[PDB]
């Protein structure tokens, strides 16, 4: 009840709509707040796209080394890594890392395209047992985050359960699971989000997202010092189309549910 009151107070002070799901693998418990509501994922969906490529690689051993041309026509709105590789190629491994660690839009789009498009990423989620996730669009339109729009959404509960499967469970083979975890632990975009609400000694792998309506998201696997791991999803969105980012809200939610 105390955690619920604190999350409600944070949500009210923020002015927006907050979704939280924590899975504590120490005791198989959950802390849930709006955990069955839908939220626009933004690039948090890159975890599913990268996982689909990793799964495909289990039967195509050299898939991660496959070269992908980067052209001016591939550039989207935010291309911090791909813009450095225009007119050359990047491997699928490099694109996975760029999508996951830099939120690179070209990289995300190349993962989506490789596996067959948004409906194929969604079908992979279904194969894993996630019947909530839906990736409808590519970058950049998947970020519109219009209130009431179910496109490109999932729920905190579903994304926490799926992230647990991907990073701690058996969705992926051992090499592929380790690769996903390594990529997420090397993220550069999350230090002000969930990580900012946890002790400095804890180890985090996470994927952020951001988009319209001030949508500010983070999904994480967390290794607290000398404790069983946690999975934490924090999704946040706001009433105003041009609302500013609120990574601090995600940090605050993380602190509340892990205190």
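Positions refer to the first chain, counted from 1.
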message: Test of understanding: from the entry's C-alpha B-factors, which stretch has the higher mean, 145 to 153 or 117 to 125?
response: 145 to 153
- prompt: Mean C-alpha B-factor higher for 34 to 42, or for 58 to 66?
  reply: 58 to 66
statement: Scanning 48, 220, 200, 192 for peak Cα temperature factor in the entry gives 200
task: Consider only the C-alpha atoms of the modelled residues in this chain, order them by B-factor as the entry records it, and name the third containing residue 133: lowest, middle or highest.
output: lowest
query: Among the modelled residues of its chain, does the C-alpha B-factor of residue 210 lie in the lowest, middle or highest third?
result: middle
query: Hey, what third does residue 170 fall into on Cα B-factor, ranked over its chain?
result: highest
Record-listed C-alpha B factor of residue 164: chain third: lowest
- prompt: So where's residue 21 on the chain's Cα temperature factor ranking, which third?
  reply: lowest
